[PDB]
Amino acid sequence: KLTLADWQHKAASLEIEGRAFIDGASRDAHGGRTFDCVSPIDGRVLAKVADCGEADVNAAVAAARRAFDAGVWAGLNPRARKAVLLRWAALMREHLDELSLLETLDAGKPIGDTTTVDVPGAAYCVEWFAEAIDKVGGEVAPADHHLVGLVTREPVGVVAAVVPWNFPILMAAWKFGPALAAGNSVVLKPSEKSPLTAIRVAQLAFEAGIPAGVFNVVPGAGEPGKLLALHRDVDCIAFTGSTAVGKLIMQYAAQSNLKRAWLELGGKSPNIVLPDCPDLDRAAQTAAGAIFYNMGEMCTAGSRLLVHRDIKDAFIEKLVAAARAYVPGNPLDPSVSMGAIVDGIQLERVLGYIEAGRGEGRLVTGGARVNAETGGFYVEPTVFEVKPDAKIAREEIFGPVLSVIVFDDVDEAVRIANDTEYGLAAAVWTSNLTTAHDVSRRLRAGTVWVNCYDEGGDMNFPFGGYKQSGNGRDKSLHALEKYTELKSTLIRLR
């Protein structure tokens, strides 16, 4: 483990690449356009980064189209594509310190987190899809004997991925890992709030043997994301972000060329703690992690803690104690568990919910902006006790603000849990076999954790929304359906 001083010294010597990566090479944006890539830690300008517009999106899409239709990557045998993707992941791992530091500088995420969750998660995602390429195939149908009936999957062609700033490298890889394994060309549009790791891994991709045009990164703001959703030559768009943008993406997809559109959106995920919870200390610590990890900037954040009246007093005590480890600090410091909020606008939005919370609920802990003098954006881990219809209980805050909701019986907790337009995740804590399975079946969410929350990172578990928390799944073999088409081939022999 490197020390704070070690990370600070590396940050001082770090050469940061800000150019787009398009068709096998770094490029400035057309006409010399840039934006300032600012660090949430302290407001320092890290780099000028390409600000792409239509000329650049069009160049990226054309190169992707050219490379797909030429079969430079789709036409490789399964084992050969697996070998390239493994090499890229190995490279990510070889450059883990650099990539981790870029992520922590760019997005304010603790270095203890980026070195262990974000960069290894990205590399694992790429490796797992690489390793799956040559293990699973299509079907020979049980059809009439005069036919040879085959059902196969083929890459869709050109895939656009627009990803958010809360997990820049990790969400990026959840898109490009499966899309590339399937043989697609990819145009990735990282958030203007976190372009750097995307850019960096693009360079490593080409170094590993991903052909020119197969993996392109187009930094910029809203416009290049629009243009990719509208593009006549993009076959699929995969987005993780907010709902207004998500609803916009689906609309331009349909209105243009009916490109496949796949969204992973926000949540107001409920975390239900029952009296027979096997370990109330682990549950309280995990309830804190569920909402304060990555500064609450987690679509699956456990932002509604539903707790049974019988254990509520003791549980809230343990929660408050747990919240202490998440006092904000410099994310370059490896001992820090809560880093910086991504920018002032996000900070202000979070403080606005904290203000609503003060009026409608009981403040249990936290609630203040801190370290304003650093030039960065920091807010204490904050807990309120509220009714389930409170503003902060209903609306996604995307910050370290927990809504604690009391209930008297399990069916009530289930009713409150499901009373939302969101459906990304849920959890229940209970020692009882029947309760565990019965409640887990009834929670209307894509991921249900039992006696855990945000547990591990296993690629076998598809991840995504019911209702308005997105369509389709990331992770697992089911992720590949978003980036392939089915084909039935009926071969008549006589």
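Residue positions are given as counts along the sequence shown, with the first one as 1.
> Which is higher on average in the deposited entry, the C-alpha temperature factors of 23-31 or of 56-64?
Replying inline: Result of the comparison: 23-31.
> Looking only at CA atoms, which has the higher mean B factor in the entry: 170-178 or 410-418?
Replying inline: Higher mean C-alpha B-factor in the PDB entry: 410-418.
> For the listed residues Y293, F206, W262, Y124, which one has the largest C-alpha B-factor as given in the deposited model?
Replying inline: Out of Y293, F206, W262, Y124, the record gives the largest C-alpha B-factor to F206.
> Which is it among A254, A160, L424, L86: the one with the largest CA B-factor in the entry?
Replying inline: It is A254.
>> Please say which third, lowest, middle or highest, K391 falls into when its CA temperature factor is compared across its chain.
In response: As the PDB entry reports it, the C-alpha B-factor of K391 lands in the highest third of its chain.
>> Using only modelled residues of the chain, where does the Cα B factor of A479 rank: lowest third, middle third or highest third?
In response: Ranked within chain, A479 CA B lands in the lowest tercile.
>> Test of reading the entry: by CA B factor among the chain's modelled residues, which third contains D42?
In response: Its C-alpha B-factor belongs to the highest third of this chain's values.
> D438: which third of its chain by C-alpha temperature factor?
Replying inline: Answer is middle: the recorded C-alpha B-factor places it there.
>> Is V187 in the lowest, middle or highest third of its chain when residues are ranked by C-alpha B-factor?
In response: According to the entry, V187 has a C-alpha B-factor in the chain's lowest third.
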